Amino acid sequence: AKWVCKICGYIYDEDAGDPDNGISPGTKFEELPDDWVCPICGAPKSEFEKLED
Ligand SMILES: [Fe+3]
């Protein structure tokens, strides 16, 4: 699934992860460390919304 950062528009794609910040591809948003933040703007996880119909 994909989640959008409501502040800056960055999309966290679980298939892509965030390798440069220690997140391997396939890591679910709920599995992200509590201290993980948007890599673009710094926003906490609370500011993300799941993109699901
Ligand atoms: Fe952001």
# chains A, B, ... in the order shown; residues from 1 in each chain; ligands from 1
$ select_by_dssp --residues "chain A" --states "helix (DSSP H, G or I)" --output "mmCIF file with N, CA and C atoms, in the first residue's frame"
data_model
loop_
_atom_site.group_PDB
_atom_site.id
_atom_site.type_symbol
_atom_site.label_atom_id
_atom_site.label_comp_id
_atom_site.auth_asym_id
_atom_site.auth_seq_id
_atom_site.Cartn_x
_atom_site.Cartn_y
_atom_site.Cartn_z
ATOM 1 N N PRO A 19 15.176 2.790 1.826
ATOM 2 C CA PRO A 19 16.523 2.254 2.074
ATOM 3 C C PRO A 19 17.560 3.201 2.633
ATOM 4 N N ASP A 20 17.585 4.418 2.113
ATOM 5 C CA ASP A 20 18.560 5.404 2.549
ATOM 6 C C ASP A 20 18.383 5.798 4.011
ATOM 7 N N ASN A 21 17.236 5.456 4.582
ATOM 8 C CA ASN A 21 16.974 5.757 5.975
ATOM 9 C C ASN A 21 16.742 4.486 6.778
ATOM 10 N N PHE A 29 3.910 0.309 6.554
ATOM 11 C CA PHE A 29 3.908 1.587 7.252
ATOM 12 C C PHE A 29 3.784 1.406 8.765
ATOM 13 N N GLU A 30 2.966 0.449 9.186
ATOM 14 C CA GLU A 30 2.778 0.170 10.607
ATOM 15 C C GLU A 30 4.039 -0.404 11.262
ATOM 16 N N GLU A 31 4.916 -0.987 10.453
ATOM 17 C CA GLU A 31 6.171 -1.571 10.936
ATOM 18 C C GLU A 31 7.308 -0.563 11.024
ATOM 19 N N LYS A 45 4.826 10.362 11.603
ATOM 20 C CA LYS A 45 3.917 9.403 10.984
ATOM 21 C C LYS A 45 2.433 9.794 11.108
ATOM 22 N N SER A 46 2.095 10.541 12.151
ATOM 23 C CA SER A 46 0.724 10.989 12.358
ATOM 24 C C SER A 46 0.176 11.827 11.226
ATOM 25 N N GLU A 47 1.068 12.354 10.401
ATOM 26 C CA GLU A 47 0.659 13.215 9.309
ATOM 27 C C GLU A 47 0.527 12.518 7.954
#
$ residues_near_ligand --ligand "ligand 1" --cutoff "10 Å" --atoms "only C-alpha atoms and all ligand atoms" --output "mmCIF file with N, CA, C and O atoms, in the first residue's frame"
data_model
loop_
_atom_site.group_PDB
_atom_site.id
_atom_site.type_symbol
_atom_site.label_atom_id
_atom_site.label_comp_id
_atom_site.auth_asym_id
_atom_site.auth_seq_id
_atom_site.Cartn_x
_atom_site.Cartn_y
_atom_site.Cartn_z
ATOM 1 N N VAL A 4 0.392 8.815 1.906
ATOM 2 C CA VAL A 4 0.856 10.129 1.519
ATOM 3 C C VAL A 4 1.138 10.996 2.717
ATOM 4 O O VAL A 4 0.446 10.929 3.731
ATOM 5 N N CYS A 5 2.214 11.768 2.613
ATOM 6 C CA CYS A 5 2.558 12.736 3.652
ATOM 7 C C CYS A 5 1.671 13.943 3.377
ATOM 8 O O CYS A 5 1.828 14.611 2.352
ATOM 9 N N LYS A 6 0.740 14.224 4.283
ATOM 10 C CA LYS A 6 -0.190 15.341 4.106
ATOM 11 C C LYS A 6 0.451 16.721 4.027
ATOM 12 O O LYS A 6 -0.103 17.639 3.418
ATOM 13 N N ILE A 7 1.659 16.838 4.551
ATOM 14 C CA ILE A 7 2.375 18.099 4.535
ATOM 15 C C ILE A 7 3.040 18.409 3.191
ATOM 16 O O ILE A 7 2.801 19.473 2.613
ATOM 17 N N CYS A 8 3.809 17.460 2.657
ATOM 18 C CA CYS A 8 4.571 17.714 1.435
ATOM 19 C C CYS A 8 4.255 16.927 0.167
ATOM 20 O O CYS A 8 4.790 17.259 -0.886
ATOM 21 N N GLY A 9 3.409 15.903 0.250
ATOM 22 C CA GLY A 9 3.064 15.127 -0.925
ATOM 23 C C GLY A 9 3.915 13.896 -1.173
ATOM 24 O O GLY A 9 3.675 13.169 -2.128
ATOM 25 N N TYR A 10 4.961 13.693 -0.366
ATOM 26 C CA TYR A 10 5.772 12.487 -0.536
ATOM 27 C C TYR A 10 4.860 11.258 -0.336
ATOM 28 O O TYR A 10 3.945 11.274 0.477
ATOM 29 N N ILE A 11 5.081 10.227 -1.137
ATOM 30 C CA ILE A 11 4.321 9.002 -1.025
ATOM 31 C C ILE A 11 5.211 7.880 -0.529
ATOM 32 O O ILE A 11 6.233 7.607 -1.125
ATOM 33 N N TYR A 12 4.889 7.323 0.619
ATOM 34 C CA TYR A 12 5.633 6.174 1.110
ATOM 35 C C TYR A 12 4.967 4.955 0.450
ATOM 36 O O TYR A 12 3.773 4.710 0.645
ATOM 37 N N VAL A 37 10.379 9.491 10.164
ATOM 38 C CA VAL A 37 9.658 10.669 9.727
ATOM 39 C C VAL A 37 9.740 10.769 8.211
ATOM 40 O O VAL A 37 10.533 10.073 7.575
ATOM 41 N N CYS A 38 8.866 11.579 7.623
ATOM 42 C CA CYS A 38 8.872 11.811 6.183
ATOM 43 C C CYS A 38 10.306 12.217 5.796
ATOM 44 O O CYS A 38 10.832 13.195 6.321
ATOM 45 N N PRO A 39 10.911 11.535 4.800
ATOM 46 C CA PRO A 39 12.286 11.889 4.419
ATOM 47 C C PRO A 39 12.458 13.229 3.708
ATOM 48 O O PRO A 39 13.561 13.761 3.621
ATOM 49 N N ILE A 40 11.353 13.803 3.274
ATOM 50 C CA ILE A 40 11.385 15.066 2.582
ATOM 51 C C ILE A 40 11.181 16.263 3.522
ATOM 52 O O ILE A 40 11.983 17.196 3.549
ATOM 53 N N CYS A 41 10.110 16.222 4.301
ATOM 54 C CA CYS A 41 9.777 17.337 5.178
ATOM 55 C C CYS A 41 9.982 17.137 6.672
ATOM 56 O O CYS A 41 9.875 18.103 7.429
ATOM 57 N N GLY A 42 10.218 15.910 7.118
ATOM 58 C CA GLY A 42 10.413 15.686 8.532
ATOM 59 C C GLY A 42 9.166 15.387 9.338
ATOM 60 O O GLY A 42 9.269 15.097 10.525
ATOM 61 N N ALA A 43 8.000 15.376 8.708
ATOM 62 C CA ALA A 43 6.761 15.127 9.433
ATOM 63 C C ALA A 43 6.664 13.773 10.092
ATOM 64 O O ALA A 43 7.101 12.756 9.538
ATOM 65 N N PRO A 44 6.050 13.735 11.283
ATOM 66 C CA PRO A 44 5.878 12.485 12.010
ATOM 67 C C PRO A 44 4.876 11.628 11.243
ATOM 68 O O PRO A 44 4.147 12.121 10.372
ATOM 69 N N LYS A 45 4.826 10.362 11.603
ATOM 70 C CA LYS A 45 3.917 9.403 10.984
ATOM 71 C C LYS A 45 2.433 9.794 11.108
ATOM 72 O O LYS A 45 1.606 9.405 10.281
ATOM 73 N N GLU A 47 1.068 12.354 10.401
ATOM 74 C CA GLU A 47 0.659 13.215 9.309
ATOM 75 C C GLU A 47 0.527 12.518 7.954
ATOM 76 O O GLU A 47 0.435 13.180 6.917
ATOM 77 N N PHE A 48 0.545 11.192 7.968
ATOM 78 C CA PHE A 48 0.386 10.385 6.775
ATOM 79 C C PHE A 48 -1.021 9.822 6.736
ATOM 80 O O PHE A 48 -1.617 9.562 7.772
#
$ select_by_dssp --residues "chain A" --states "strand (DSSP E or B)" --output "JSON, numbers by chain"
{"A": [2, 3, 4, 5, 11, 12, 13, 18, 23, 37, 44, 48, 49, 50]}
$ write_last_selection --atoms "N, CA and C atoms" --output "PDB file, in the first residue's frame"
ATOM      1  N   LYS A   2       0.239   2.366  -0.340  1.00  0.00           N
ATOM      2  CA  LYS A   2       0.887   3.660  -0.418  1.00  0.00           C
ATOM      3  C   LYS A   2       0.239   4.613   0.579  1.00  0.00           C
ATOM      4  N   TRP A   3       1.070   5.454   1.179  1.00  0.00           N
ATOM      5  CA  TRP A   3       0.652   6.422   2.175  1.00  0.00           C
ATOM      6  C   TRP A   3       1.195   7.773   1.763  1.00  0.00           C
ATOM      7  N   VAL A   4       0.392   8.815   1.906  1.00  0.00           N
ATOM      8  CA  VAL A   4       0.856  10.129   1.519  1.00  0.00           C
ATOM      9  C   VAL A   4       1.138  10.996   2.717  1.00  0.00           C
ATOM     10  N   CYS A   5       2.214  11.768   2.613  1.00  0.00           N
ATOM     11  CA  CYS A   5       2.558  12.736   3.652  1.00  0.00           C
ATOM     12  C   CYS A   5       1.671  13.943   3.377  1.00  0.00           C
ATOM     13  N   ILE A  11       5.081  10.227  -1.137  1.00  0.00           N
ATOM     14  CA  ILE A  11       4.321   9.002  -1.025  1.00  0.00           C
ATOM     15  C   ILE A  11       5.211   7.880  -0.529  1.00  0.00           C
ATOM     16  N   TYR A  12       4.889   7.323   0.619  1.00  0.00           N
ATOM     17  CA  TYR A  12       5.633   6.174   1.110  1.00  0.00           C
ATOM     18  C   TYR A  12       4.967   4.955   0.450  1.00  0.00           C
ATOM     19  N   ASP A  13       5.751   4.242  -0.347  1.00  0.00           N
ATOM     20  CA  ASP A  13       5.311   3.056  -1.053  1.00  0.00           C
ATOM     21  C   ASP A  13       5.940   1.857  -0.330  1.00  0.00           C
ATOM     22  N   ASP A  18      12.337   2.687   2.235  1.00  0.00           N
ATOM     23  CA  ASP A  18      13.077   3.932   2.342  1.00  0.00           C
ATOM     24  C   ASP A  18      14.478   3.471   2.752  1.00  0.00           C
ATOM     25  N   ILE A  23      15.177   1.516   5.841  1.00  0.00           N
ATOM     26  CA  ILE A  23      13.936   0.786   5.637  1.00  0.00           C
ATOM     27  C   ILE A  23      13.994  -0.015   4.325  1.00  0.00           C
ATOM     28  N   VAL A  37      10.379   9.491  10.164  1.00  0.00           N
ATOM     29  CA  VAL A  37       9.658  10.669   9.727  1.00  0.00           C
ATOM     30  C   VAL A  37       9.740  10.769   8.211  1.00  0.00           C
ATOM     31  N   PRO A  44       6.050  13.735  11.283  1.00  0.00           N
ATOM     32  CA  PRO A  44       5.878  12.485  12.010  1.00  0.00           C
ATOM     33  C   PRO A  44       4.876  11.628  11.243  1.00  0.00           C
ATOM     34  N   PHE A  48       0.545  11.192   7.968  1.00  0.00           N
ATOM     35  CA  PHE A  48       0.386  10.385   6.775  1.00  0.00           C
ATOM     36  C   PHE A  48      -1.021   9.822   6.736  1.00  0.00           C
ATOM     37  N   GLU A  49      -1.503   9.584   5.520  1.00  0.00           N
ATOM     38  CA  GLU A  49      -2.837   9.050   5.271  1.00  0.00           C
ATOM     39  C   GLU A  49      -2.689   7.942   4.243  1.00  0.00           C
ATOM     40  N   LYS A  50      -3.388   6.832   4.444  1.00  0.00           N
ATOM     41  CA  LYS A  50      -3.324   5.727   3.519  1.00  0.00           C
ATOM     42  C   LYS A  50      -4.160   6.033   2.290  1.00  0.00           C
TER      43      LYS A  50
END
